[PDB]
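This report refers to the structure that appears directly beneath it.
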Number of protein chains: 2
Amino acid sequence: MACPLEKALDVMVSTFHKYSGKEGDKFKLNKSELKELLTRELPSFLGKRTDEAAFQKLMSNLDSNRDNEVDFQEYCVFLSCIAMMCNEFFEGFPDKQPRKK
Amino acid sequence: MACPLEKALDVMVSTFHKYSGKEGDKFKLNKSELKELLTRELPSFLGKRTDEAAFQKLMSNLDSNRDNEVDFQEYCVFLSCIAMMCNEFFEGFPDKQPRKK
């Protein structure tokens, strides 16, 4: 357990590989899968009840402007947005997008 | 083990919290810590020998233009860049920055 970050990196990649098993293409993910992959890997334990609108914001992000593919980075940007949305801080911080700025 | 991604998210946040213990401010991380935090949490097991220049690129990123603070997202952008740099693909893919594009 000297370097658990390595497996956690593996957890993000290993879990991601499992979803690619449903379709077959592991070189890319569809933003719609962000909705299904988000709840399938994080159902109530995330959208339990705190900041329910945030789930809709992630869903509304798929409806942002021109959403179509998920690169390894886009899935992480969404996961990172999910972490800041609620990683451990008790303060309800919205997405990384500014309000008036 | 139904949802290991939750702990892995905790692994990134828990390990990150441990480094904040060295200084004291957990609301931000210094890009220099990216160099020390990168090797301290991922020493040889990463810069083992494959794509050694990549470590210098991460280090050169701190020397990019105006580097000073690491937001939760910047640390993840660097971690995401590290994952794509070598998450599981055997192809040596550089950073997420394009070459001529």
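Every residue, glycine as well, gets a Cβ built from its backbone with ideal geometry; the counts of neighbours run over all protein chains shown. Taken together, the values in this text are just the output of simple stated rules run on the coordinates, not laboratory data.
Kindly indicate whether A:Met59 is surrounded by fewer than 12 Cβ atoms within 10 Å (Cβ to Cβ) and either in contact (Cβ under 8 Å) with a residue 24 or more places away in the chain or within 21 Å of B:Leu79 (Cα to Cα) (or both).
On the way: surrounded by fewer than 12 Cβ atoms within 10 Å (Cβ to Cβ): no; either in contact (Cβ under 8 Å) with a residue 24 or more places away in the chain or within 21 Å of B:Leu79 (Cα to Cα) (or both): yes.
Against the criterion (surrounded by fewer than 12 Cβ atoms within 10 Å (Cβ to Cβ) and either in contact (Cβ under 8 Å) with a residue 24 or more places away in the chain or within 21 Å of B:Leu79 (Cα to Cα) (or both)), A:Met59 does not qualify.
Against the condition surrounded by fewer than 16 Cβ atoms within 10 Å (Cβ to Cβ), within 10 Å of chain A (Cβ to nearest Cβ) and without any contact (Cβ under 8 Å) to a residue 24 or more places away in the chain, how does B:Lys22 come out, does it pass? Here the answer is no, as B:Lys22 does not meet what is asked.
Is it fair to say B:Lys101 is within 14 Å of another protein chain (Cβ to nearest Cβ) and among the charged types (D, E, K, R)? Explain how you work it out, then say what you get.
Numbers: within 14 Å of another protein chain (Cβ to nearest Cβ): no; among the charged types (D, E, K, R): yes.
Here the answer is no, as B:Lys101 does not meet what is asked.
Taking residues in segment A:28-42 that are within 13 Å of A:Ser60 (Cα to Cα), and partners anywhere that are part of a loop (DSSP other than H, G, I, E, B), the pairs with Cβ atoms closer than 8 Å and at least 6 places apart or on different chains are A:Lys31/A:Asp67; A:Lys31/A:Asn68. Inspect all residues belonging to segment B:38-52 and state whether any of them is more than 9 Å from chain A (Cβ to nearest Cβ), in contact with a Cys (Cβ under 9 Å, 6 or more places away or on another chain) and over 22 Å from A:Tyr75 (Cα atoms). Yes, the conditions are met somewhere in segment B:38-52.
Helices (runs of 4 or more DSSP H) fully within chain A that include at least 1 residues being more than 23 Å from B:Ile82 (Cα to Cα): A:4-23, A:31-41, A:44-47, A:52-62. Selection within segment A:1-15: residues that are closer than 18 Å to B:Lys18 by Cβ and more than 7 Å from chain B (Cβ to nearest Cβ). The member of this set that is surrounded by the fewest Cβ atoms within 10 Å (Cβ to Cβ) is A:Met1.
Conditions (1) more than 13 Å from chain B (Cβ to nearest Cβ); (2) in contact with a helix residue (DSSP H, G or I) (Cβ under 8 Å, 6 or more places away or on another chain), marked per residue:
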| residue | (1), (2) |
| --- | --- |
| A:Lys31 | yes, yes |
| A:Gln56 | yes, no |
| A:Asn68 | yes, yes |
| A:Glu74 | no, yes |
| A:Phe78 | no, yes |
| A:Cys81 | no, yes |
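Taking the numbered list (1) surrounded by 17 or more Cβ atoms within 10 Å (Cβ to Cβ); (2) without any contact (Cβ under 8 Å) to a residue 12 or more places away in the chain; (3) within 11 Å of the chain's Cα centre (by Cα) in turn, A:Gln73 passes all entries but (1). Quick check, is B:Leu9 in contact (Cβ under 8 Å) with a residue 12 or more places away in the chain, in contact with a helix residue (DSSP H, G or I) (Cβ under 8 Å, 6 or more places away or on another chain) and of a type in the set (A, V, I, L, M)? No, not satisfied.
I need the full set of residues from segment A:87-101 which are surrounded by 12 or more Cβ atoms within 10 Å (Cβ to Cβ) and hydrophobic (A, V, I, L, M, F, W, C), in order please. Give the derivation first.
Going through segment A:87-101, the residues surrounded by 12 or more Cβ atoms within 10 Å (Cβ to Cβ) turn out to be A:87-89, A:93-96.
Listed by number, the residues that qualify are A:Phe89, A:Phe93.
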